[PDB]
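Student: For reference, the structure I am asking about is given below.
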Amino acid sequence: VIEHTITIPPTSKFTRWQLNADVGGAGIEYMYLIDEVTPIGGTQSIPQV
Amino acid sequence: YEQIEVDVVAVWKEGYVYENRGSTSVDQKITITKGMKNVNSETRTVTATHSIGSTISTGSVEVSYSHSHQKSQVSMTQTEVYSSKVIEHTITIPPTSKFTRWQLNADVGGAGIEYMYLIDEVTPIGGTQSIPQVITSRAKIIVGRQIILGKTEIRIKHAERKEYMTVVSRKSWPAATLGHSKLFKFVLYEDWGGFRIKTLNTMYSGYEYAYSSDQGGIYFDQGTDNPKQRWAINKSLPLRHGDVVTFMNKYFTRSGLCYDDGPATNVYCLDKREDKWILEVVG
Amino acid sequence: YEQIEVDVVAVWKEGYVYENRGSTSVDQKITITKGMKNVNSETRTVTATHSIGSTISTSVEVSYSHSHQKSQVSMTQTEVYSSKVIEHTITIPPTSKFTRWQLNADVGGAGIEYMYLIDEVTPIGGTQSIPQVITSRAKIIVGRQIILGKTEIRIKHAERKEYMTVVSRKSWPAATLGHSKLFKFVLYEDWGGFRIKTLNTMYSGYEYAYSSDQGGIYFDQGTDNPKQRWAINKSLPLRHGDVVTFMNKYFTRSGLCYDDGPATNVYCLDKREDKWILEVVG
Amino acid sequence: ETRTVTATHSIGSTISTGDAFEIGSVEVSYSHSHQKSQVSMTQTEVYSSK
Amino acid sequence: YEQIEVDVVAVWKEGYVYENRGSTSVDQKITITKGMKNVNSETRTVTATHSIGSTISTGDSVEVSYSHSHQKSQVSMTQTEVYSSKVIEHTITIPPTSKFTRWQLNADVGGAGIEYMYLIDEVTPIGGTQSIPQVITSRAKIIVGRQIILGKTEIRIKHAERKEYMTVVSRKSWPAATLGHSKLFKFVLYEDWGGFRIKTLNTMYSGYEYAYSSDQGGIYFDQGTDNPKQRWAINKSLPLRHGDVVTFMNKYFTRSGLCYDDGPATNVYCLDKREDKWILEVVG
Ligand SMILES: [Hg+2]
């Protein structure tokens with residue numbers, strides 16, 4: 001079980017991207033979580049890879 | 001690394017409005033839960049039964065005696081996998097204030113990815129409500145290395161099973177089956193007839209293009225024009241690392257590349273079936 | 001982007017009134033929950049028995065038998081669950097009444113609804129005001145319009161979350177569900193109703209979705225046939241992301257749906273009418 | 001909704017004697033059954049609480 | 001806006017005593033729970049079986065048998081669950097050299113026919129001799145419903161458990177009682193020396209208006225006779241008031257009372273050992 005508690009300030013957006021990381025050659029892999037709080041607006045940046 | 005700009009288009013899925021009309025504030029907590037469980041069992045029973053009977057016979061009198069012996073053996077294997085995402089938001093809604101939750105489903109164009117999109121706001125009561133049924137916005141997407149058709153070498157991974165497409169020998173032909181080996185490379189081609197999956201690890205030279213037998217099994221053939229060794233993709237080009245793709249057969253239009261537990265191999269092409277595959281560029 | 005003004009109409013569903021007449025305050029916490037669980041299983045049993053009997057008779061009779069049963073149950077289960085829990089914590093002051101009204105709010109024209117909750121604390125006394133139905137105004141931000149005859153769309157099965165595609169069954173083009181994002185359509189209306197036209201047929205001119213006499217969906221040449229004509233659930237305009245229903249103009253009881261048939265899985269069956277999402281292509 | 005389908009195959013046989021002098025007889029039976037069974041279940045739950 | 005003064009008699013049901021003899025204090029939490037759950041299911045099964053069989057034999061030996069069966073089964077289930085809880089939780093700090101006592105009694109309010117749970121907690125120093133209440137009488141003022149004047153005030157009759165109203169329909173060309181959602185079916189109650197009578201105001205056959213029990217149990221509406229079959233005994237003392245929970249026992253068939261049962265075409269009956277609860281509501 002993994003739990004994250006964050007305080008989101010007003011007029012802000014929260015981002016969670018979950019990637020699966022593949023370590024090359026080693027043949028191992030891990031879960032990769034990216035959390036971010038930014039102000040509302042701008043241009044969204046999404047990591048596909 | 002390259003970046004492409006797209007529109008994200010989010011569509012309303014659900015809503016909620018709450019009004020606190022009083023002069024004391026209120027503490028609101030919303031918990032949203034989604035989860036899944038998968039159970040598989042195999043139960044093997046064996047019973048052995050022995051019976052010895054007899055009848056003594058001669059009005060008329062009959063006498064019967066009977067004896068039963070049953071031995072039984074049940075072997076059970078159950079296996080469970082579960083997951084849950086729980087998501088909770090707690091807010092203090094001030095007096096004479098109105099809280100709105102809108103939940104939309106956001107589709108990222110081109111990327112073939114989607115995400116849940118929640119908009120919360122507290123405002124004073126009054127004005128008129130603004131509901132977003134459909135929202136368009138812009139996004140930069142950090143994208144994978146491009147799969148150059150004909151050139152770049154890739155692995156094909158079954159999405160659900162997390163095993164790779166491997167070449168083995170069935171009926172004296174090279175044939176597709178799922179395995180753990182990271183050694184089986186491929187290259188993808190497009191022509192007038194569709195897409196072609198070429199293996200670089202065939203045990204019979206020249207027999208390298210993936211194709212469907214009239215039975216469904218995937219074999220690897222020599223290069224012909226036959227639509228049986230051609231395939232329809234699910235996406236628009238370019239293909240990139242990590243892309244979730246589908247291969248529908250160009251001749252057997254009803255059917256696509258899937259996993260089935262067949263007699264010898266386990267990669268087939270069957271009506272109403274198209275499992276997702278993950279393409280990954282080798283280093 | 002366009003934005004339409006509309007009335008939202010909410011009708012009373014449920015209510016609750018709490019009076020704290022005491023001279024100490026009370027901490028009240030109302031907590032509401034709705035949830036779903038869907039369970040699916042397939043159980044395969046294979047069972048094999050061999051018996052050898054024997055009787056010697058003359059009188060006296062003597063029997064002996066032996067059986068060997070070998071059985072194999074294979075079951076696989078799928079569970080999918082969800083819930084929404086809403087908690088509210090308030091301090092009701094001394095000599096105060098708390099009232100909660102729960103309404104169901106229908107947004108006109110848009111075909112979407114939401115839960116509307118009204119909490120209020122006031123002094124004890126006055127006349128209770130109960131909202132059985134409230135109308136209010138809303139501006140709704142809507143999707144790009146699906147212009148009939150013109151704009152290219154995808155048709156997605158709402159429940160199965162996969163797309164409507166064209167494949168060959170018995171040498172005609174036929175509808176099946178697929179993962180491909182490459183199967184486009186254009187919608188037409190004339191005085192006979194709505195028509196679904198595929199831009200991805202493998203046999204030219206055969207492009208209008210129609211119901212066979214068995215129920216399967218194929219694509220025909222444009223005729224006047226009511227069997228190739230469809231009744232939607234909302235009125236115009238159609239927009240991106242609209243949830244729609246396709247009922248057949250000919251077999252009036254039946255509508256476009258999923259069913260696991262022999263070769264394809266898109267059908268037109270009595271009493272069934274699945275929901276589809278229309279997406280305007282980028 | 002629970003849907004069950006069962007296919008069953010049985011082959012049986014008896015070898016016996018009688019009026020074969022020394023009065024009295026021996027009988028011998030043999031049978032084999034294969035049964036194949038598929039059950040499909042759909043369950044849906046809806047719950048609430050205040 | 002009528003109010004009547006009366007005694008409530010509360011009677012001991014359960015007790016508990018705690019002594020803290022130490023010189024540090026203690027934090028005590030009593031927590032009591034009552035609940036119910038009702039489960040209702042319906043399971044419909046349909047099995048179709050085909051069997052094809054055969055035997056090849058010799059006479060004047062060897063026998064050879066073969067059979068095949070195909071069996072199709074369809075099981076449909078509907079389950080209904082409904083539940084409730086009440087939890088009462090008390091937290092107290094008992095100081096040192098202190099005794100805590102809890103008495104639970106059950107209070108019966110006289111005349112009104114309502115009851116409530118009555119809890120008495122007390123912390124005192126250890127010593128003295130205990131006072132235990134077995135039964136306590138106290139006075140109370142009851143704010144009561146608008147009165148049902150017999151012969152005059154129009155009332156409706158609600159099944160307490162099912163929350164549906166007694167309505168009048170036509171069964172076998174007679175006015176018959178059935179349960180239904182209509183707030184349109186009004187009644188008026190009468191008492192004479194024979195007992196109590198239910199008169200409908202919504203009969204479709206004029207004059208056939210007083211509730212009676214047929215020889216099979218069903219509730220019909222007859223002309224006003226002297227027949228004890230159209231008379232009923234109530235559970236409460238007079239007067240009847242809006243919101244009163246009542247019983248109707250038949251004056252003729254004394255073992256039987258007015259109840260719900262799922263019958264051939266109607267569902268309001270008069271059956272042995274059954275007496276359903278009814279709520280009486282004064283119309284506007
Ligand atoms: Hg269907």
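Ordering of the structure tokens sets the chain letters (A, B, ...); residue numbers start at 1 within each chain; ligands are numbered from 1 in the order shown.
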Ligand 1: which residues are within 10 Å, counting only C-alpha atoms and all ligand atoms, as an NGL selection string?
Tutor: :C and (215 or 254-261 or 265-274)
Student: Any idea which chain D residues end up within 6 Å of chain E if we count only C-alpha atoms, as a list in words please?
Tutor: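 Only these qualify: residues 1, 2, 3, 4, 5, 6, 7, 8, 9, 10, 11, 12, 13, 14, 15 and 16 of chain D.
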Student: Put those residues in a file: N, CA, C and O atoms, as a short mmCIF file (atom, residue, chain, number, x, y, z; two decimals), in the first residue's frame.
Tutor:
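This went into part.cif:
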data_model
loop_
_atom_site.label_atom_id
_atom_site.label_comp_id
_atom_site.auth_asym_id
_atom_site.auth_seq_id
_atom_site.Cartn_x
_atom_site.Cartn_y
_atom_site.Cartn_z
N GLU D 1 -26.95 -14.07 -13.17
CA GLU D 1 -27.38 -14.95 -14.24
C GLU D 1 -26.35 -16.05 -14.37
O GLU D 1 -25.20 -15.77 -14.69
N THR D 2 -26.77 -17.29 -14.12
CA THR D 2 -25.87 -18.44 -14.24
C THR D 2 -26.32 -19.41 -15.36
O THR D 2 -27.36 -20.06 -15.23
N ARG D 3 -25.53 -19.47 -16.45
CA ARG D 3 -25.76 -20.37 -17.61
C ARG D 3 -24.85 -21.61 -17.56
O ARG D 3 -23.63 -21.48 -17.60
N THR D 4 -25.46 -22.80 -17.51
CA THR D 4 -24.72 -24.08 -17.53
C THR D 4 -25.03 -24.92 -18.79
O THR D 4 -26.19 -25.04 -19.17
N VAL D 5 -23.99 -25.48 -19.42
CA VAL D 5 -24.14 -26.48 -20.51
C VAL D 5 -23.34 -27.75 -20.19
O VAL D 5 -22.15 -27.67 -19.88
N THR D 6 -24.01 -28.91 -20.24
CA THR D 6 -23.33 -30.21 -20.03
C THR D 6 -23.54 -31.22 -21.17
O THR D 6 -24.67 -31.66 -21.40
N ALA D 7 -22.43 -31.61 -21.82
CA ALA D 7 -22.36 -32.74 -22.76
C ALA D 7 -21.80 -34.01 -22.08
O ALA D 7 -20.76 -33.97 -21.41
N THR D 8 -22.50 -35.13 -22.25
CA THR D 8 -22.09 -36.43 -21.69
C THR D 8 -22.12 -37.56 -22.74
O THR D 8 -23.13 -37.75 -23.41
N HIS D 9 -21.00 -38.29 -22.87
CA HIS D 9 -20.86 -39.48 -23.72
C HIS D 9 -20.69 -40.73 -22.85
O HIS D 9 -19.89 -40.73 -21.92
N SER D 10 -21.44 -41.79 -23.15
CA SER D 10 -21.32 -43.08 -22.44
C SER D 10 -21.23 -44.26 -23.41
O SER D 10 -22.07 -44.39 -24.28
N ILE D 11 -20.20 -45.10 -23.26
CA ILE D 11 -20.15 -46.38 -23.96
C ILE D 11 -20.17 -47.50 -22.92
O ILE D 11 -19.32 -47.53 -22.03
N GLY D 12 -21.17 -48.39 -23.02
CA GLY D 12 -21.30 -49.57 -22.13
C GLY D 12 -21.26 -50.90 -22.89
O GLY D 12 -21.30 -50.91 -24.12
N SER D 13 -21.17 -52.01 -22.14
CA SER D 13 -21.18 -53.40 -22.70
C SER D 13 -21.22 -54.50 -21.62
O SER D 13 -20.68 -54.34 -20.53
N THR D 14 -21.87 -55.62 -21.95
CA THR D 14 -21.90 -56.83 -21.11
C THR D 14 -21.59 -58.11 -21.90
O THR D 14 -22.18 -58.36 -22.94
N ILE D 15 -20.64 -58.89 -21.39
CA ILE D 15 -20.39 -60.24 -21.90
C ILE D 15 -21.01 -61.16 -20.85
O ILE D 15 -20.71 -61.01 -19.65
N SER D 16 -21.87 -62.08 -21.28
CA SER D 16 -22.43 -63.11 -20.37
C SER D 16 -22.56 -64.53 -20.97
O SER D 16 -22.33 -64.74 -22.16
#
Student: Can you check which residues of chain A have any atom within 9 Å of chain B? Use only C-alpha atoms and format it as a PyMOL selection string.
Tutor: chain A and resi 11+24-25+27+42-49
Student: Would you mind exporting the chosen residues as a tab-separated table (two decimals), in the first residue's frame, restricted to C-alpha atoms?
Tutor:
chain	number	residue	atom	x	y	z
A	11	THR	CA	-5.99	28.12	-7.83
A	24	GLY	CA	18.18	-1.57	-19.98
A	25	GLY	CA	20.32	-4.72	-19.99
A	27	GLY	CA	16.38	-6.87	-16.97
A	42	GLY	CA	0.26	27.58	-18.95
A	43	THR	CA	0.68	24.64	-21.30
A	44	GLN	CA	0.45	21.03	-19.95
A	45	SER	CA	3.59	18.86	-20.29
A	46	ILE	CA	2.96	15.10	-20.40
A	47	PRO	CA	5.81	12.50	-20.36
A	48	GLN	CA	4.80	9.50	-22.58
A	49	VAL	CA	8.36	8.26	-22.44
Student: Using only C-alpha atoms, which chain D residues lie at most 7 Å away from chain C, written as a VMD selection string?
Tutor: chain D and resid 23 to 50
Student: Sorted by chain and rising residue number, list the residues of chain B at most 6 Å from chain C (counting only C-alpha atoms), each with its closest atom pair and distance in Å to one decimal, as a Markdown table.
Tutor:
| residue | atom | partner | partner_atom | distance |
| --- | --- | --- | --- | --- |
| B:15 | CA | C:114 | CA | 4.9 |
| B:16 | CA | C:115 | CA | 5.0 |
| B:17 | CA | C:116 | CA | 4.9 |
| B:18 | CA | C:117 | CA | 4.7 |
| B:19 | CA | C:118 | CA | 4.8 |
| B:20 | CA | C:119 | CA | 5.1 |
| B:21 | CA | C:120 | CA | 4.8 |
| B:22 | CA | C:120 | CA | 4.5 |
| B:26 | CA | C:90 | CA | 5.0 |
| B:27 | CA | C:89 | CA | 4.9 |
| B:28 | CA | C:88 | CA | 4.8 |
| B:29 | CA | C:87 | CA | 4.9 |
| B:30 | CA | C:86 | CA | 4.6 |
| B:31 | CA | C:85 | CA | 4.9 |
| B:32 | CA | C:84 | CA | 4.6 |
| B:33 | CA | C:83 | CA | 5.0 |
| B:34 | CA | C:82 | CA | 4.2 |
| B:35 | CA | C:81 | CA | 5.2 |
| B:36 | CA | C:80 | CA | 4.5 |
| B:37 | CA | C:79 | CA | 4.9 |
| B:38 | CA | C:78 | CA | 5.0 |
| B:39 | CA | C:77 | CA | 4.9 |
| B:40 | CA | C:76 | CA | 4.3 |
| B:41 | CA | C:75 | CA | 5.3 |
| B:42 | CA | C:74 | CA | 4.7 |
| B:43 | CA | C:73 | CA | 4.9 |
| B:44 | CA | C:72 | CA | 4.8 |
| B:45 | CA | C:71 | CA | 4.8 |
| B:46 | CA | C:70 | CA | 4.5 |
| B:47 | CA | C:69 | CA | 5.0 |
| B:48 | CA | C:68 | CA | 4.6 |
| B:49 | CA | C:67 | CA | 5.0 |
| B:50 | CA | C:66 | CA | 4.6 |
| B:51 | CA | C:65 | CA | 5.0 |
| B:52 | CA | C:64 | CA | 4.5 |
| B:53 | CA | C:63 | CA | 4.4 |
| B:54 | CA | C:62 | CA | 4.0 |
| B:55 | CA | C:61 | CA | 4.8 |
| B:56 | CA | C:60 | CA | 4.8 |
| B:57 | CA | C:59 | CA | 5.0 |
| B:128 | CA | C:138 | CA | 5.4 |
| B:129 | CA | C:138 | CA | 4.7 |
| B:130 | CA | C:139 | CA | 5.1 |
| B:131 | CA | C:140 | CA | 4.7 |
| B:132 | CA | C:141 | CA | 4.8 |
| B:133 | CA | C:142 | CA | 5.3 |
| B:134 | CA | C:143 | CA | 5.0 |
| B:234 | CA | C:180 | CA | 3.9 |
| B:253 | CA | C:167 | CA | 5.6 |
| B:254 | CA | C:167 | CA | 5.8 |
Student: Mind listing the strand (DSSP E) residues of chain A, per DSSP on the backbone, as number ranges by chain?
Tutor: A: 12-23, 28-39, 44-47
Student: Give me, please, the distance in Å between CA of residue 7 in chain A and CA of residue 23 in chain B, quoted to one decimal.
Tutor: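 Computing it gives 25.5 Å between the two atoms.
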Student: One decimal, in Å: what's the spacing between CA of residue 20 in chain D and CA of residue 62 in chain B?
Tutor: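 Between CA of residue 20 in chain D and CA of residue 62 in chain B the gap is 24.4 Å.
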Student: Find the distance between CA of residue 94 in chain B and CA of residue 22 in chain C and write it in Å to one decimal.
Tutor: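 Here the two named atoms are 24.7 Å from each other.
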Student: Skip range 20-22 of chain A itself and residues of its chain fewer than 5 positions away, then list as a count of residues only all residues within 6 Å of it, counting only C-alpha atoms.
Tutor: 4
